[PDB]
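**Student:** Encoded as C-alpha cells, here's the structure I'll be asking about.
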Amino acid sequence: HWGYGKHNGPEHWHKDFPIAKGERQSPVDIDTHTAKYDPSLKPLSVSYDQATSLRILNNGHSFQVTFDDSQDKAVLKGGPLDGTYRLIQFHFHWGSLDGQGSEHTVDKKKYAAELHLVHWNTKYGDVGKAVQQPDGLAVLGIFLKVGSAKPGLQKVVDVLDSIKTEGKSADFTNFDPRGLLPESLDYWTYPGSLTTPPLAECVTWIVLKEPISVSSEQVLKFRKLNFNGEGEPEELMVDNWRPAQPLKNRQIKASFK
Ligand SMILES: NS(=O)(=O)c1ccc(-c2cnc3ccccc3c2)cc1
Ligand SMILES: [Zn+2]
C-alpha cells in the first residue's frame, strides 16, 4: 500500500487517490510576500484546558496521540473558522536531516518537522462524515526547528521506545497539548486537503508563523521509530512528508502584517 518510499511514495499516490492532482491539495509553499494580510480574520481560539488524551500509536506512517472527542473538551474556534472543531489527534512529519521534514514550506524554506493538530467540525457529528465535507476539518500546523529542547514535547519523546514498530500503541493519558504551542498564535490560512491518503479536500489549514524549537536529542528519537512492523526488516521512519503541491486557484491569507 501507500507510503513514502521510492515505489509507493507521494509521486505514486494519485493512482489510488486521483484527488492527489485536485484543485485544493496540501501542503503548499507559503510565499510570505504574496500572502495577503486580512484584517477581518479573527484571533484563533485554542481551548485545550479540558483536553483528554487517550493513546499514542505508531500507525506505520507517523505516530499519533489520540484524544477523547466525544464531547467539546479540546476545541479550536475563531480565526477563519465558523463553528466548533474538536481535537481528535496530533501527529508529526519529520526528515532524515534537520534541513527537511516539514510539509508546508515558507518562502521555500523547509523546517526539520511539522506538527499537525487535527480537529473536526462538530456540525457533522463524527470525523468520518467531516472528511466528506469541504469545511469538515481544521488542522493547526506548527513548524519545528532544531535548537533548544521543547519541555512540553518530552513526555512524548519518553514513550517512543514503547511504540517502535507499526501497530504498537501505549497509554498516553493526562498529556497537555498546550505545551506544544509557540507563544504567538499569528497564522496563515488557506483551503486544502489531508496530506496523506485519502487526500480528501476537507481541511481549513491554519499554519502558525512562529515555529517551536526542539532539541537534536528530541528529533533524533523521532528518527529511531520504524515504518515496519515488528519482526520485519527495519526501515527507519524518516522523511514521512509530502512535498509542496501547486497552489492553483487559492490565496493564502495572513492574520498579521
Ligand atoms: N497529515 S494531515 O493532513 O494533518 C491528516 C491526513 C489524513 C487524516 C485522516 C486519515 N484518515 C481518516 C479516516 C477517516 C476519517 C478521517 C481521517 C483523517 C487526518 C490528518
Ligand atoms: Zn499530518
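Computed from the coordinates by the stated procedures, all read-outs in this text should not be read as laboratory data. Cβ atoms come from the backbone with ideal geometry, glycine included; neighbour counts cover every protein chain shown.
**Student:** Any idea which of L115, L54, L44 is of a type in the set (A, V, I, L, M, F, W, C) and within 11 Å of ligand 2 (Cβ to nearest atom)?
**Tutor:** After applying the criteria, what remains is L115.
**Student:** Kindly indicate the residue of segment 104-144 that is buried (at least 17 other Cβ atoms within 10 Å of the Cβ) and small (G, A, S) and also farthest from ligand 1 (Cβ to nearest atom) among those meeting that condition.
**Tutor:** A112
**Student:** Might you check whether a residue that is surrounded by 15 or more Cβ atoms within 10 Å (Cβ to Cβ) and on the phi > 0 side of the Ramachandran plot occurs anywhere in segment 84-93?
**Tutor:** no
**Student:** Look through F92, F175, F143 and report the one residue that is among the aromatic types (F, W, Y) and either free of Cβ contacts under 8 Å to residues at least 24 places away in the same chain or closer than 20 Å to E201 by Cα (or both).
**Tutor:** Step by step, each of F92, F175, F143 is checked, and only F92 is among the aromatic types (F, W, Y) and either free of Cβ contacts under 8 Å to residues at least 24 places away in the same chain or closer than 20 Å to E201 by Cα (or both).
**Student:** From the list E217, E183, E210, pick out the single residue that is surrounded by fewer than 22 Cβ atoms within 10 Å (Cβ to Cβ) and either under 25 Å from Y4 (Cα atoms) or within 16 Å of ligand 2 (Cβ to nearest atom) (or both).
**Tutor:** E217
**Student:** Six or more apart or on different chains, Cβ atoms under 7 Å: show the pairs whose first residue is in segment 183-196 and more than 16 Å from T34 (Cβ to Cβ) and touching a residue at least 12 places away in the same chain (Cβ under 8 Å) and whose second is among the acidic types (D, E) and within 11 Å of ligand 2 (Cβ to nearest atom).
**Tutor:** Once the first residue is more than 16 Å from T34 (Cβ to Cβ) and touching a residue at least 12 places away in the same chain (Cβ under 8 Å) and sits in segment 183-196, its partners that are among the acidic types (D, E) and within 11 Å of ligand 2 (Cβ to nearest atom) give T195/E103.
**Student:** Spot the failing condition for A244; the list is (1) surrounded by fewer than 17 Cβ atoms within 10 Å (Cβ to Cβ); (2) out of contact with any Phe, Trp or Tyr (no Cβ under 9 Å at 6 or more places or on another chain); (3) not polar (S, T, N, Q), and only one is missed.
**Tutor:** Unmet condition: (1).
**Student:** Evaluate the following for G60: is it in contact (Cβ under 8 Å) with a residue 12 or more places away in the chain, assigned to a loop (DSSP other than H, G, I, E, B) and within 16 Å of ligand 1 (Cβ to nearest atom)?
**Tutor:** Criteria met by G60.
**Student:** Could I ask something else about it? If you take the residues of segment 148-158 that are in a helix (DSSP H, G or I) and of a type outside the set (A, V, I, L, M), which of them is farthest from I252 (Cα to Cα)?
**Tutor:** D158
**Student:** Within 28 Å of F227 (Cβ to Cβ), within 16 Å of the chain's Cα centre (by Cα) and β-branched (V, I, T), is that true of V106?
**Tutor:** yes
**Student:** Restricting attention to segment 39-74, and to residues there that are under 16 Å from the mean Cα position of the chain (by Cα) and of a type in the set (V, I, T), which single residue is surrounded by the fewest Cβ atoms within 10 Å (Cβ to Cβ)?
**Tutor:** Applying the filter and picking the extreme gives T66.
**Student:** Find the residue count for segment 68-110, including only residues that are hydroxyl-bearing (S, T, Y), outside any strand (DSSP E or B) and within 16 Å of ligand 2 (Cβ to nearest atom).
**Tutor:** Residues flagged as hydroxyl-bearing (S, T, Y), outside any strand (DSSP E or B) and within 16 Å of ligand 2 (Cβ to nearest atom) within segment 68-110 amount to 1.
**Student:** Ok, one more. Please state which one of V65, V118 is part of a strand (DSSP E or B), farther than 23 Å from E235 by Cβ, in contact (Cβ under 8 Å) with a residue 24 or more places away in the chain and not hydroxyl-bearing (S, T, Y).
**Tutor:** One residue alone meets the criteria, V118.
**Student:** Kindly list the number of the only condition in (1) farther than 29 Å from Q251 by Cα; (2) of a type in the set (A, V, I, L, M); (3) part of a loop (DSSP other than H, G, I, E, B) that fails for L54.
**Tutor:** That leaves (3) as the condition not met.
**Student:** Looking at (1) within 16 Å of ligand 2 (Cβ to nearest atom); (2) surrounded by fewer than 18 Cβ atoms within 10 Å (Cβ to Cβ); (3) under 28 Å from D171 (Cβ atoms), find the lone condition where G9 falls short.
**Tutor:** Condition not satisfied by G9: (3).
**Student:** Moving on to the next point. Any residue at all in segment 21-33 that is under 29 Å from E166 (Cα atoms), of a type in the set (D, E) and in contact with a strand residue (DSSP E or B) (Cβ under 6 Å, 6 or more places away or on another chain)?
**Tutor:** Taking every residue of segment 21-33 in turn, none turns out to be under 29 Å from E166 (Cα atoms), of a type in the set (D, E) and in contact with a strand residue (DSSP E or B) (Cβ under 6 Å, 6 or more places away or on another chain).
**Student:** Okay, moving on. Tally time: how many residues in segment 189-205 are within 19 Å of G83 (Cβ to Cβ) and not hydroxyl-bearing (S, T, Y)?
**Tutor:** Final tally of qualifying residues: 7.
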